[PDB]
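First the structure, in the form of structure tokens, and then the observations on it.
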Amino acid sequence: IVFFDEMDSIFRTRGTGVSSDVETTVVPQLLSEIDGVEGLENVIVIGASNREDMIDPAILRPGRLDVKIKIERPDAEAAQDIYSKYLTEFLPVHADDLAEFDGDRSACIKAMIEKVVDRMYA
Amino acid sequence: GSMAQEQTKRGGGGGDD
């Protein structure tokens, strides 16, 4: 696996960039290494980007970057899971906060997560 | 306001043994 972190500005959007012109030589090399005359067998190229439009189109076409995975901003249902990923039942929990749950830490944490989500998405 | 790329010019060097 070859991971190109920050692929959004990776080597250019070809034919763009006033300050730098390294694109015309760096982009074709990568375009020829992947899906060239001789092709790789078991190599996976993974890129992460914040600006999809800023990546050159010739590399985004199928055969070079096949599977396009989009991550969206979480909704309430995803926010509940994300909060559960951090508010584990191992944190020091206040006794007065467990008073209304009779010591049931998991249920208390679930209710706190629900209240937090409701407040944040009100 | 522009960027440049360098091409080197090698200098002669010779040593014995």
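As shown in the structure tokens, the chain order sets the letters A, B, ...; within each chain, residues go from 1, and ligands are also counted from 1 in the order they appear.
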>> Give me, as a PyMOL selection string, all polymer residues having an atom no more than 7 Å from range 9-16 of chain A, counting only C-alpha atoms and skipping those fewer than 6 positions away in the same chain.
In response: chain A and resi 23-24+26-27+54-56
With 10 Å as the cut-off and only C-alpha atoms counted, what is the closest atom pair between each nearby residue of chain A and chain B? Distances in Å to one decimal, ordered by chain and number, as JSON lines.
```
{"residue": "A:18", "atom": "CA", "partner": "B:2", "partner_atom": "CA", "distance": 7.6}
{"residue": "A:19", "atom": "CA", "partner": "B:2", "partner_atom": "CA", "distance": 5.0}
{"residue": "A:20", "atom": "CA", "partner": "B:3", "partner_atom": "CA", "distance": 5.9}
{"residue": "A:21", "atom": "CA", "partner": "B:3", "partner_atom": "CA", "distance": 8.1}
{"residue": "A:22", "atom": "CA", "partner": "B:5", "partner_atom": "CA", "distance": 8.8}
```
Give me the residues within 10 Å of residue 63 in chain A as a CSV table (one decimal) with N, CA, C and O atoms, in the first residue's frame, counting only C-alpha atoms and dropping any in the same chain fewer than 3 places off.
```csv
chain,number,residue,atom,x,y,z
A,34,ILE,N,1.6,4.1,-12.9
A,34,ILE,CA,0.4,3.4,-12.7
A,34,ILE,C,-0.4,3.3,-14.0
A,34,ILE,O,-0.6,4.3,-14.7
A,35,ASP,N,-0.8,2.1,-14.4
A,35,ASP,CA,-1.5,1.8,-15.6
A,35,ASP,C,-0.7,2.3,-16.9
A,35,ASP,O,-1.3,3.0,-17.7
A,59,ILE,N,-5.6,11.2,-13.4
A,59,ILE,CA,-5.3,10.2,-12.4
A,59,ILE,C,-6.5,9.8,-11.6
A,59,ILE,O,-6.5,8.7,-11.0
A,60,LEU,N,-7.6,10.6,-11.7
A,60,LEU,CA,-8.9,10.2,-11.0
A,60,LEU,C,-9.7,9.2,-11.8
A,60,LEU,O,-10.6,8.6,-11.2
A,66,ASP,N,-9.5,3.7,-8.5
A,66,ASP,CA,-10.8,3.0,-8.8
A,66,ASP,C,-11.9,3.4,-7.8
A,66,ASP,O,-12.9,4.0,-8.1
A,67,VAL,N,-11.7,3.0,-6.5
A,67,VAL,CA,-12.7,3.1,-5.5
A,67,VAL,C,-12.6,4.5,-4.8
A,67,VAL,O,-11.6,4.8,-4.2
```
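One finds CA of residue 86 in chain A at 18.6 Å from CA of residue 121 in chain A.
CA of residue 6 in chain A is found 29.9 Å from CA of residue 87 in chain A.
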Can you list, as an mmCIF file with C-alpha atoms, in the first residue's frame, every protein, DNA or RNA residue that comes within 12 Å of residue 111 in chain A when you count only C-alpha atoms, leaving out same-chain residues fewer than 5 positions away?
```cif
data_model
loop_
_atom_site.group_PDB
_atom_site.id
_atom_site.type_symbol
_atom_site.label_atom_id
_atom_site.label_comp_id
_atom_site.auth_asym_id
_atom_site.auth_seq_id
_atom_site.Cartn_x
_atom_site.Cartn_y
_atom_site.Cartn_z
ATOM 1 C CA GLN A 80 -23.852 9.282 19.158
ATOM 2 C CA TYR A 83 -19.236 10.187 21.434
ATOM 3 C CA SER A 84 -19.486 6.564 22.570
ATOM 4 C CA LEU A 87 -16.981 8.455 26.678
ATOM 5 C CA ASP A 97 -24.307 12.049 38.451
ATOM 6 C CA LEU A 98 -24.701 8.318 39.163
ATOM 7 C CA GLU A 100 -30.159 9.173 39.453
ATOM 8 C CA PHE A 101 -28.990 5.972 37.699
ATOM 9 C CA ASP A 104 -25.477 2.082 36.360
ATOM 10 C CA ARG A 105 -22.510 3.762 34.690
ATOM 11 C CA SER A 106 -23.310 2.574 31.155
ATOM 12 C CA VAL A 116 -25.100 16.212 24.656
ATOM 13 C CA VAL A 117 -26.289 15.283 21.157
ATOM 14 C CA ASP A 118 -29.645 16.985 21.739
#
```
